[PDB]
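One line per chain: the protein sequences are A, B, C, D and E, in this order. Here the first sequence stands for residues 995 to 1146, where the numbers follow the deposited numbering. Here the second sequence stands for residues 995 to 1141, where the numbers follow the deposited numbering. Here the third sequence stands for residues 852 to 940, 944, where the numbers follow the deposited numbering. Here the fourth sequence stands for residues 700 to 797, where the numbers follow the deposited numbering. Here the fifth sequence stands for residues 552 to 617, 641 to 676, 689 to 748, where the numbers follow the deposited numbering. Ideal Cβ positions, reconstructed from N, Cα and C, are used throughout, including at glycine.
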Amino acid sequence: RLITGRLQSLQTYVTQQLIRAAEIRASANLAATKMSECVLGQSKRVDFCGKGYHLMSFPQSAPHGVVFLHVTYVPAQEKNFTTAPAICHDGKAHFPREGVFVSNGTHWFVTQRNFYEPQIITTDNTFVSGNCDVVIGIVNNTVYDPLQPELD
Amino acid sequence: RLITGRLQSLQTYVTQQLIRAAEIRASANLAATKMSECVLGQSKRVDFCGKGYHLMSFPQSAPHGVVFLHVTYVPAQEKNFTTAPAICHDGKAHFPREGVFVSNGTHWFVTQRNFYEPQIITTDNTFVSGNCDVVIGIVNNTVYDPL
Amino acid sequence: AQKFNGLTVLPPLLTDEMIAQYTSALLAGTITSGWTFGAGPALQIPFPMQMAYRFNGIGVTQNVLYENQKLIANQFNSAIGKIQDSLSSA
Amino acid sequence: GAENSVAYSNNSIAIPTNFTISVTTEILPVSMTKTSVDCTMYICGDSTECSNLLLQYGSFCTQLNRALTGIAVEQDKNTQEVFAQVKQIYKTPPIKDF
Amino acid sequence: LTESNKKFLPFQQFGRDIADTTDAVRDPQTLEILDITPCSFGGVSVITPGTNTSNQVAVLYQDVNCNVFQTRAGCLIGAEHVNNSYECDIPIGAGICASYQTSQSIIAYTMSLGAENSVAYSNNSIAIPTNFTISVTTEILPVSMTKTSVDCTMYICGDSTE
Ligand SMILES: *[C@@H]1O[C@H](CO)[C@@H](O[C@@H]2O[C@H](CO)[C@@H](O)[C@H](O)[C@H]2NC(C)=O)[C@H](O)[C@H]1NC(C)=O
Ligand SMILES: *[C@@H]1O[C@H](CO)[C@@H](O[C@@H]2O[C@H](CO)[C@@H](O)[C@H](O)[C@H]2NC(C)=O)[C@H](O)[C@H]1NC(C)=O
Ligand SMILES: *[C@@H]1O[C@H](CO)[C@@H](O[C@@H]2O[C@H](CO)[C@@H](O)[C@H](O)[C@H]2NC(C)=O)[C@H](O)[C@H]1NC(C)=O
Ligand SMILES: *[C@@H]1O[C@H](CO)[C@@H](O[C@@H]2O[C@H](CO)[C@@H](O)[C@H](O)[C@H]2NC(C)=O)[C@H](O)[C@H]1NC(C)=O
Ligand SMILES: *[C@@H]1O[C@H](CO)[C@@H](O[C@@H]2O[C@H](CO)[C@@H](O)[C@H](O)[C@H]2NC(C)=O)[C@H](O)[C@H]1NC(C)=O
Ligand SMILES: *[C@@H]1O[C@H](CO)[C@@H](O[C@@H]2O[C@H](CO)[C@@H](O)[C@H](O)[C@H]2NC(C)=O)[C@H](O)[C@H]1NC(C)=O
Ligand SMILES: *[C@@H]1O[C@H](CO)[C@@H](O)[C@H](O)[C@H]1NC(C)=O
Ligand SMILES: *[C@@H]1O[C@H](CO)[C@@H](O)[C@H](O)[C@H]1NC(C)=O
Ligand SMILES: *[C@@H]1O[C@H](CO)[C@@H](O)[C@H](O)[C@H]1NC(C)=O
Ligand SMILES: *[C@@H]1O[C@H](CO)[C@@H](O)[C@H](O)[C@H]1NC(C)=O
Ligand SMILES: *[C@@H]1O[C@H](CO)[C@@H](O)[C@H](O)[C@H]1NC(C)=O
Ligand SMILES: *[C@@H]1O[C@H](CO)[C@@H](O)[C@H](O)[C@H]1NC(C)=O
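Spelled out as structure tokens, the structure:
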């Protein structure tokens, strides 16, 4: 009677330990993937190595586990700007190559999307594609054309 | 007594088979994800489709499983160089667009990240940003201006 | 303890000193090489250039890192002090 | 959460002008204590008669011992794929000017 | 019966612990506190160099305290400890493995976590590769196993209707 009773308790403990070991294996696989991606390089997966744009992480040893000291990139201060998708100059449509068109009150500049830095709109940061009628929200402006003062 | 013993024997095998099936399902999910990323395209995840820079993987049939023949890109020979994050020419700081300023001792070049191919600094591979009184480390040089 | 009734505990294969050594080696590799050591032989690189490479990866130009490098370094040191202080406070 | 409304317009944009570096903490366990339990010491004490009835349950005892051994081997292996990513150790440089 | 350092009441004459086990009892011959500890027990383990490599084996104890080397994972006999460190192949535990190395006999040593190499760090020094090698990495991933069906009527019962 005693041994038949103790077999059930041992079997229940073994099943509980097996379930815990499966959960531990899943957590260890997740930690190994995180170590391979966020620590061993830069991971492009958003909201995977912490909140914000992931830069790097510093793994540290823990008792029966691991921790990650992720370094993220979160903005703090934002502003308001009026933007246009395209700009019309001489019957041609100019689109930003690696930027976005913004105007404060009267002058239109091209800045990068993740940081504010106004620059003068020229032929080097914009590319010509099409005409003026195709674009809905087009805005008249003038293009600097830096070749013109240099060739003189 | 015989029936109770055989039922007790028959339950533990079922539990073990369920645990093994859960493990097999997890491994199959991992293998399907690895297939869909590394084989069905190019995966940008580092150290996910093998050690090195993954390019492609060739799946092969295996008995009760699958294997992946990943193609990786690792460097073999490297060389040391003196580098500068920026260059001032005349009141203007030049930053590399898609390169890095490398020097061999008396000249400067521009090279890629994972390969060595020197070139000549000009106004096409560099962009100006501010003065050279803000960058902590800078080295004097000149650009070509090919026009 | 819990070992008097035949429930012996297996010592781990990896002692805490060796886990600490592994973490220190990985930290040294990630501050002296970036991601080159994780995908092949280790290649030396200065830390500001690795930070500029990560800034280019997240879509920001590399000149904004060098324009206010002292501010970013002070922010990183303050963040390290903050996580240490919050960790000391389970 | 906080009830807020974000203004949307077809010709309005918001881009950041400043950034802050933040550190995020994530706790991920990888292993735990490994324990081996046998029927000879737990179920039985120092009596032969208890072991004389254990030959009819030696099969389940073998199953439990194999499961515990596999659990211990799995836990020993679990540390290898997370911390031993590189086979070269790297000494920190004596110069701390980063 | 070890000599304890904790004194008791003047009437109780026994002891217990957190796990509810009688591990202390006074000796009323002289009112002396004495501890109770269970006797030594454990399991033997065999270290085998492998088939067609060697013949001699080593005997390993899990938690039994004692050619003969006292490791942190018990008592190891038949293996000579050596201070130098290589990469181990047979795990033992507590930071030490065993291996067959040069005649040739089995030895035990601390593992080496890797090749001790220091990288040169400078604020104006880099290492840009000039050549590359195409390498292929093999990964094994099982997706299924054999599918079996178990029915009680033929298994727990034979050819009897009872
Ligand atoms: C929008 O931004 C432009 C450029 O920053 C401003 O133009 C400058 O304004 C200052 C302030 O008087 C003048 O000293 C500069 O000469 C202007 N530059 C040019 C090229 O004209 C403009 O004032 C801003 N507008 C508003 C409403 O803030
Ligand atoms: C942007 O410029 C175009 C052309 O320079 C303007 O189109 C002219 O509009 C006037 C009256 O609105 C017409 O009389 C002309 O015939 C149009 N010319 C062309 C070529 O279409 C357009 O109005 C300007 N947009 C704004 C907002 O000023
Ligand atoms: C550093 O690089 C420069 C530029 O490539 C080298 O200068 C040239 O070297 C070749 C090799 O003899 C000559 O044919 C050219 O006439 C050199 N050009 C100039 C402008 O000097 C220079 O030799 C390299 N130095 C080292 C130590 O490798
Ligand atoms: C790099 O160039 C700048 C300017 O061309 C040099 O700065 C000059 O340094 C001299 C003496 O070192 C001073 O008399 C000038 O007034 C400085 N001019 C400016 C604009 O700062 C600088 O020394 C050069 N660096 C090297 C290493 O030659
Ligand atoms: C971006 O945010 C940082 C963090 O607050 C600002 O840095 C602070 O600047 C003020 C005044 O310049 C100082 O009193 C603080 O000590 C600075 N804090 C730190 C942590 O350095 C920075 O000025 C902000 N930049 C902009 C353009 O708004
Ligand atoms: C890059 O490495 C490869 C691999 O070793 C080199 O290819 C060898 O080159 C030598 C001499 O040119 C030949 O004898 C071998 O037969 C080549 N092996 C193979 C597999 O092609 C290559 O030369 C190296 N490139 C550089 C620039 O060093
Ligand atoms: C300034 O930004 C706020 C953001 O809520 C916006 O509502 C407002 O319209 C902006 N100002 C102008 C003049 O557009
Ligand atoms: C934006 O939407 C408003 C309201 O529908 C409209 O009056 C305006 O013309 C639109 N502007 C653009 C550029 O589409
Ligand atoms: C380059 O030189 C430095 C010191 O001059 C040295 O530490 C480094 O190992 C060298 N790199 C290579 C690839 O030899
Ligand atoms: C690099 O660091 C050394 C040591 O502090 C210093 O002497 C040297 O000026 C630094 N060089 C640059 C370009 O920062
Ligand atoms: C093992 O026993 C010996 C002698 O009985 C003793 O000196 C030694 O300290 C013991 N080991 C441990 C770990 O207590
Ligand atoms: C290994 O070398 C150390 C160096 O001091 C010495 O103390 C130790 O006794 C040596 N081990 C053996 C087994 O000779």
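Residue i vs residue j beta-carbon contact at 8 angstroms
i                       : j                       : result
residue 1109 of chain A : residue 715 of chain D  : yes
residue 1130 of chain B : residue 1081 of chain B : no
residue 730 of chain D  : residue 774 of chain D  : yes
residue 1040 of chain B : residue 1031 of chain A : yes
residue 914 of chain C  : residue 1089 of chain B : yes
residue 916 of chain C  : residue 930 of chain C  : no
residue 717 of chain D  : residue 1018 of chain A : no
residue 874 of chain C  : residue 1053 of chain A : yes
residue 1044 of chain B : residue 723 of chain E  : yes
Cβ-heavy atom distance, residue i to ligand 4, below 7 angstroms
i                       : result
residue 1134 of chain B : yes
beta-carbon residue i near ligand 7 non-hydrogen atom, thresh 7 angstroms
i                       : result
residue 706 of chain D  : yes
residue 1074 of chain A : yes
Pick from the options that is closest to residue i, judged by C-alpha positions
i                       : options                        : result
residue 1034 of chain A : D/782, D/793, D/770, D/703     : D/782
residue 653 of chain E  : E/695, E/737, E/662, E/659     : E/695
residue 675 of chain E  : E/599, E/582, E/562            : E/599
residue 1057 of chain B : E/595, E/732, E/657            : E/732
residue 1009 of chain B : D/789, D/741, D/766            : D/766
residue 1135 of chain A : A/1083, A/1016, A/1113         : A/1083
residue 712 of chain E  : C/889, C/872, C/901, C/877     : C/901
residue 1124 of chain A : A/1087, A/1027, A/1103, A/1104 : A/1087
The alpha helix (DSSP H) enclosing residue i, as first and last residue numbers
i                       : result
residue 1010 of chain A : 996-1028
residue 772 of chain D  : 757-777
residue 904 of chain C  : 898-908
residue 835 of chain C  : As shown, chain C starts at 852 and ends at 944. That puts residue 835 of chain C outside it, with no answer to give.
residue 739 of chain E  : 738-741
residue 867 of chain C  : 867-883
residue 750 of chain D  : 747-751
residue 1142 of chain A : 1141-1145
Residue interval of the beta strand (DSSP E) (run including residue i)
i                       : result
residue 1047 of chain B : 1047-1056
residue 649 of chain E  : 648-651
Interface residues of chain E facing residue i [CB-CB closer than 7 angstroms]
i                      : result
residue 787 of chain D : 700, 701, 703
residue 866 of chain C : 668, 669
Ligand 6 heavy atom lying under 7 angstroms from the CB of residue i
i                       : result
residue 717 of chain E  : yes
residue 1070 of chain B : yes
Heavy atom of ligand 3 within 7 angstroms of residue i beta-carbon
i                       : result
residue 1101 of chain B : yes
Check: residue i C-beta below 7 angstroms from any heavy atom of ligand 5
i                       : result
residue 1123 of chain A : no
residue 698 of chain E  : no
Chain B residues whose Cβ lies nearer than 7 angstroms to that of residue i
i                       : result
residue 1144 of chain A : 1141
residue 913 of chain C  : 1089
residue 920 of chain C  : 1130
Near ligand 12: residue i beta-carbon under 7 angstroms from a heavy atom
i                      : result
residue 641 of chain E : no
Residue i: CB within 7 angstroms of a non-hydrogen atom of ligand 10
i                       : result
residue 934 of chain C  : no
residue 1130 of chain B : yes
Check: residue i C-beta below 7 angstroms from any heavy atom of ligand 11
i                      : result
residue 738 of chain E : no
residue 590 of chain E : no
Residue i CB to nearest heavy atom of ligand 2 below 7 angstroms
i                       : result
residue 1082 of chain B : no
Heavy atom of ligand 8 within 7 angstroms of residue i beta-carbon
i                      : result
residue 712 of chain D : no
residue 709 of chain D : yes
Interface partners of residue i on chain A, CB under 7 angstroms
i                      : result
residue 908 of chain C : 1036
residue 751 of chain D : The contacting residues do not exist; residue 751 of chain D stays about 10 angstroms from chain A at best.
residue 883 of chain C : Near residue 883 of chain C there are no residues of chain A at all, since even the closest Cβ is about 13 angstroms away, more than 7 angstroms.
8 angstroms Cβ cut-off: residues of chain C touching residue i
i                       : result
residue 1072 of chain B : 892, 894
Chain-ordered neighbours of residue i on chain D, where CB pairs are closer than 8 angstroms
i                       : result
residue 1030 of chain A : 784
residue 1006 of chain B : 759, 762
Within chain D, the residues that residue i reaches when beta carbons sit closer than 7 angstroms
i                      : result
residue 707 of chain E : 792, 794
Interface residues of chain B facing residue i [CB-CB closer than 8 angstroms]
i                      : result
residue 889 of chain C : 1040, 1041
Beta-carbon neighbours of residue i, restricted to chain A and to distances below 9 angstroms
i                       : result
residue 1017 of chain B : 1016, 1019
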